[PDB]
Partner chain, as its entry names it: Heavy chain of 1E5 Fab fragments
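Next comes just one chain, in structure tokens: the form solved without the partner chain.
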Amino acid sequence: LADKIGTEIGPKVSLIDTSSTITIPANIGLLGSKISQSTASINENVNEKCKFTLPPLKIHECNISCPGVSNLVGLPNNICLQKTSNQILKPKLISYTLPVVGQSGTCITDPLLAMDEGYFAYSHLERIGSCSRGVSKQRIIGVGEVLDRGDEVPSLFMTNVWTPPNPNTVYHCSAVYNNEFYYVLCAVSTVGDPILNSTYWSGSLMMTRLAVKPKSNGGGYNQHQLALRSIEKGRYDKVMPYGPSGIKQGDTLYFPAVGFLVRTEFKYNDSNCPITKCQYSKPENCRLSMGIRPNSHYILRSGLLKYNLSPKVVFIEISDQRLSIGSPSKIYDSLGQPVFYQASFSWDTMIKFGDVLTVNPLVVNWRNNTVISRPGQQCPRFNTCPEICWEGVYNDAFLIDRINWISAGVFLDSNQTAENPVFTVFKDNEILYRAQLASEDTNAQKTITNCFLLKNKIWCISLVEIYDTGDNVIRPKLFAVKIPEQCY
């Protein structure tokens, strides 16, 4: 019996999962790409071949010689724009088309989801054992298409999947779509998370260039990796990518990032620390809390990484308007202009995002939002008093209506803990409507919101890290939410 299990069954099961989890999905993804490539070829063939004009014609002796899915674009897509209490959002789970659900022995951490021009990038880290301490098994980074399924719902179909040679050295990846490629910029580290171990981090970056329409023999096309040392840090000692997505401007890629600045090189005026309206706050706390502890060596300052495709990385710091600790950021292109979101892991717990007035230097007209705020413990939801903490979750919001500045995303509706994810649509000083994604006693962490237009209707795909009630681990779940025009 021992030999049959180890010789007749084991080896076959091992070969089977390789085939079913890697090679078959890969071949299907490629097959789907071939469909897109043929469609484009056929349409081009017709456009070029069936183009015609009338011939030169004669009068007697004289001859006459004559001379599915897109991003949010500047289009007045309508949404419900009234405060209501009815149930008008109806979330769909589309996670079933991605390789996100594995065996009960693993946990999925550090998800990424980004979208542009009908294409998406997606990634996650698979760990064995505990979600915070388990050894990495693999990191899956790949791209695909946003497709229309027969139910008139969006669905994510992967076409090109890349994995690193060492899953335990890849951290804080960000991605930008440009010209049928999706550039993923990752930090390389041999000391674990660069945020927690900033003093022994080597500081190098790597970029993975993936095709969104791969070829069967595209050995040097489907995927390519670049090592990056040509980094212009300016005043910063170290520079790292830090956020799920960025934007393109022509042939320039802008990724979300954080600079590591030694405290002695950091300048801040204590008179700008908002103690005036809080009796327990200290004016000095606004500087101490710029790191992940009072005695950290480096301060985390937000910014962008500018990579030129016509080929070095330039760190662009964010200005100090409403200056706070660098936490994962997101810059996205919405309705004609870049919008910047920055997570808050410090004393200012209000959602912090706004219109990008300029990219270099980065200046953001932060919205004065007083109804959306992150959960916390020292730094609880809706807290505005300077304090020393480093905690919190990333919960972004995507702009879906610029004229009246309405954005949507998933927030955790509890002021003491990270639980009870709800999809909301809101105004800076009001919440219009919402729908619960998981129950009150269900815990959740990171959420990523990406919106697009499917046949002229607004859809938002919200990735939410939700704890299961079985083995108590997190799995990204994709809630496809349609934003209704009517308020009923």
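Positions refer to the first chain, counted from 1.
One more form of this protein exists, namely the form solved in complex with the partner chain; it is left out here, but the text below deals with it.
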query: The partner chain contact at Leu226 in the deposited bound form, heavy atom, 4.5 Å; finding: no
query: 4.5 angstroms heavy atom contact with the partner chain in the deposited bound form for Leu196; finding: yes
query: Touches the partner chain in the deposited bound form: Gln445 (any heavy atom, 4.5 Å); finding: yes
query: 4.5 Å heavy atom contact, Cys389 to the partner chain in the deposited bound form; finding: yes
query: Partner-proximal stretch of 315-323, 269-277, 202-210, 125-133 relative to the partner chain in the deposited bound form, 4.5 angstroms, heavy atom; finding: 125-133
query: Residue among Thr370, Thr84, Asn179, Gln416 with a heavy atom within 4.5 Å of the partner chain in the deposited bound form; finding: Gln416
query: Contacting member of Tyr183, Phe398, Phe340, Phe345, with respect to the partner chain in the deposited bound form [4.5 Å, heavy atom]; finding: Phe345
query: Heavy atom within 4.5 Å of the partner chain in the deposited bound form - qualifying residues of 217-248; finding: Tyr242
